[PDB]
Structure formats: structure tokens, C-alpha cells
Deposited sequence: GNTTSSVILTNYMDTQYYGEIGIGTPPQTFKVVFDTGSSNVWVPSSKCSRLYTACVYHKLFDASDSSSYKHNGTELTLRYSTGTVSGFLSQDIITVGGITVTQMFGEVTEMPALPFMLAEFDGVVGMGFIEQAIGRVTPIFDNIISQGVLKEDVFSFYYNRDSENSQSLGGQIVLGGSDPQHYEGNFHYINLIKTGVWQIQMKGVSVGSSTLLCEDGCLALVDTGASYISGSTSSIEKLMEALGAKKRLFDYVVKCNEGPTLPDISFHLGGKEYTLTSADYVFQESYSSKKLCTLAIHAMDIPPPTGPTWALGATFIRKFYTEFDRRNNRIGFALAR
């Protein structure tokens, strides 16, 4: 068709980006991460035991208050790199940026405190392909496309650096927003259909890693840039960063002096300065500052792979092109 549509996002502390969707009649509202690294939609269920504290603190979908609910009840387990959610399939009308779709989604009944007690979002809207969808459930974007309303088979992500009288982020469904990028889009083709993943031909500090070529997943649902444990260990040894439990840190004074990190993607060199990857919460030598780069071990067939999360998308406005199986990058502004 001709419609373009946007979802306004909230930026919590540069680590979580999420927007609002409505589910049911009348619409029950949820905060959701829009995630190119997965393909399922889930929100917490009212049938979630309150022994899960995460279900006490998030919005719960109540099927009993929706006149448009359609039962399914097939068990669903979604295993992310950092935690599992479990529950069952349901169908209802999901409203996202003024588009209503009939969507099968997971009602989560099992929701661990880690990491979900630390989540400002309630659930996830997977923006990946049907190939990676658990239960072979049609993803929301595939459903929006079937309706023939959008101007193009594309969606774009803007993640703001600032988090205070400004929008935290934006997703354009059906195009991109020229107000949030500049210069030309650089288009990189995907390795295959089914995964938002591209060939990376080197990771540079100041090339040390990925010299013989590796995979880079473009994961809007992730906070950080992640690599494999051994990839990250060598990167951090080169940065002089100390390994902690869940993050890598430097002494806050050393922060500004940290070298640039480059990702060789599609023939061009995508460079992040220390300002882009260090949480400069201080300049004290008595204080430690977290890096926005950690380890994530992703098993076959998706991994081993690097993941380009919010750290990367903050600098680079990202267009996801389902029609041509490619990703466009442009300088965010």
C-alpha cells in the first residue's frame, strides 16, 4: 500500500529500549522490546504464578478480559541466550503503531527473576523471520505485510543516545525516518534468509579479531555488543579491561583514553569511539566504569556470532529490508 507507521520508544539508561503495544478488546497495554534477534511475540500471562516475582511487577495479559481472544494452549518454551521464558500460545488482536493485526503470541507463565526483575519492558516483539520462530508461529511483521498496507517490506530502528525531554527511540514500520539519519544508507546483504545476520570481515582496535571472517547478528533486542568468550577476552586484554561477573570494566579515568573499535562490515569500517561504548558515569580513578561490550556464547546454527545491539544501533540508524534480504546502515542523528 502507501501507509508508513511509527512506534515511539522509551530509553531506559541506554540499556533497555521498548515501546507500547495493545493486546485484546479492550486493548491491554504492554511495554515490549522489538527484537530482530528473535521471531516470537510474548507477554506475561495472568496465569503466571505470583511466586514468580517478575509476574508481580509486570503487566499481565488477562485473556478473561478480552472479547477478541482465541484459545490455542500449545506449550511454548523460548530459550534466549540469557534466560528462558515458558508458557502457551494464544491468538488476539495486537495493535502496534496504529496497525491492528490478528497475532499468535506467547502467554508467559514462567518468568525468572533474572533477568526479568531488572526489565522495564513486559515482553518481546520478535522482528525476525519465520525460520527462527519457535512453534513455527507467524511473526508480527509477516502478518503486517500480508495485509498489504505498508509502503515497503522494510522496518527501521532509531535508538537515541539521550535518556531528557526527548524521544528515547523510534521504529518506522514501512520505511525509515530521514529526521533521524544522514548521509547515504550502506546496504549489506544477509548470509541467508531466516536470520538478520551479515558477514563481518574484521574487528579492529586502534585488526586483532575476526581476520579470517566471522558472523555479525544485528540484534535490536540486545543492550550491548557481544562476541564469543574467547573473542571478547582478547578484545578486553587489548583494552586493559578487567573481567567482572556480568560485565567488563575499566577505571573511569582510563575510559576517555580507550582506543576506537572498528567493525569491518560490507567493505566499510564501522567505528565506535570510547564515548560510544563506555558508560562514563565518572572520571574518578577510585571508580569503575562499565563497557557496553560483553560475552555471549550463541550455539549453532546461529552462532558462534557477534551481536550488534543498542551500543551499535545508537550510532547507526538501521534499516531492515525484508524484500531484498539486506540491512542498511546510516549515521544516526
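Unmodelled regions (deposited sequence positions with no C-alpha coordinates, counted from 1) are 164-165, 209-210.
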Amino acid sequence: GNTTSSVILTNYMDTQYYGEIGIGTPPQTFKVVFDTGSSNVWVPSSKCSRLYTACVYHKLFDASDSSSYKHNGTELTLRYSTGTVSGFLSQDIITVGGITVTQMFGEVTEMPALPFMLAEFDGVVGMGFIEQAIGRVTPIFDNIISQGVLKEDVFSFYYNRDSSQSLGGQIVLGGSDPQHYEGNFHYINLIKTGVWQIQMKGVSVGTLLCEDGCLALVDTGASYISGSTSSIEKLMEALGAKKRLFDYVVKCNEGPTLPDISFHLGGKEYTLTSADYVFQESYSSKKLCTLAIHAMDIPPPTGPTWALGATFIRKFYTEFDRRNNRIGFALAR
From here on, numbers count along this sequence of modelled residues.
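Note that the rigid core is defined as the largest set of C-alphas that superpose within 1.5 Å between two forms.
Choosing between 83-91 and 251-259, the greater Cα displacement from the shown form in 9 other deposited structures of this protein, fitted by the core, goes with 83-91. With each structure aligned by its rigid core, the stretch whose Cα atoms sit farther from this model in 9 other deposited structures of this protein, between 72-80 and 177-185, is 72-80.
Residue 1 is a gap in at least a third of the other entries compared, counting only those with both neighbours built. Compared with the other entries of this protein, residue 166 is frequently left unbuilt, missing from a third or more of those that build its neighbours. In this entry, 176-184 shows the higher mean Cα temperature factor of the pair 120-128 and 176-184.
Per-stretch averaging of Cα B factors for 237-245 and 87-95 places 237-245 on top. Looking at 45, 285, 28, 40, the one whose CA carries the top B-factor in the deposited record is 285. Out of 170, 223, 109, 163, the entry records its largest CA B-factor for 163. Looking at the C-alpha B-factors along this chain, the one for residue 60 belongs to the lowest third. For residue 66, the recorded CA B-factor ranks within the lowest third of the chain. Only modelled residues enter the ranking.
Per the PDB record, residue ranking by Cα B-factor puts residue 51 in the middle third of the chain. Residue-level temperature factors show residue 297 in the highest third of its chain, judged at the C-alpha atom. Placement of the Cα temperature factor of residue 227 within the chain: middle third of the modelled residues, per the deposited record.
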